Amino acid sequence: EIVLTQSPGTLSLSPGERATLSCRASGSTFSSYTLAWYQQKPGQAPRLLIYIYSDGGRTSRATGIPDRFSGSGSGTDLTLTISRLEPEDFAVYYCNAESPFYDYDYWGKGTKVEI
């Protein structure tokens, strides 16, 4: 198994401020997975933001993303950084690791980012 730990648990910030979230992998971090940050605006489907290959080495942003989203780490530690909160960025943010073969898919517990 793998454990993901999102940190922080909540975030009470306000427009313009910076937000830095981080996902920690532990357990069998020496397999192949993809570590991804997803955003989930309420009432909407998750959205891939950034991701990185567990064993393969640079991060990528998804298609159609503003610059306010950045990723940094090796792939046992993704950090999503939204630099300057715009209004709609107040959402719930999740990370998962996923085997390319889908024999394992693990999700964090969530990081709520509100005002």
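Heads up: residue numbers just count along the shown sequence, starting at 1.
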> For the stretches 105 to 113 and 4 to 12, which has the higher mean C-alpha B-factor as given in the deposited record?
Replying inline: 4 to 12
> Where do the C-alpha atoms have the higher mean temperature factor in this entry, in 37 to 45 or in 67 to 75?
Replying inline: 67 to 75
> In terms of the CA temperature factor given in the entry, to which third of its chain does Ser22 belong: lowest, middle or highest?
Replying inline: middle
> Should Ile50 be placed in the lowest, middle or highest third of its chain by the C-alpha B factor in the entry?
Replying inline: lowest
